[PDB]
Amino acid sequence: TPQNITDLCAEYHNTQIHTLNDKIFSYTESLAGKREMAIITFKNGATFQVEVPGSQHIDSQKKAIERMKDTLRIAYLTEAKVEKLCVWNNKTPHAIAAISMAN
């Protein structure tokens, strides 16, 4: 069982860590059909999505996708510093798998 996001990320083949150590610059949210998703950017231009729920997600991920969208919204609004993102890099933009926050 991983004790940090880096160890967690290393358990998956199609993942990588981004180190940001910065607050989210922009938060975007959509309810348009087939694009029920969220997008965040950082001021350095890096862009990430929370994927539309699909058949590549198992049932236990569905609730976690919703949680992640919650987390990003509140992170944006409180200007919380994001340390690292773990993302799947076989998507454009890269798809968030995990987030870590520390001051």
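Residues carry their position along the shown sequence, with the first being 1.
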{"property": "Mean Cα B-factor comparison, 74 to 82 or 55 to 63, giving the higher one as deposited", "result": "55 to 63"}
{"property": "B-factor third for the C-alpha atom of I24 within its chain", "result": "lowest"}
{"property": "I96 - Cα temperature factor, lowest/middle/highest third of chain", "result": "lowest"}
{"property": "Record-listed C-alpha B factor of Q16: chain third", "result": "middle"}
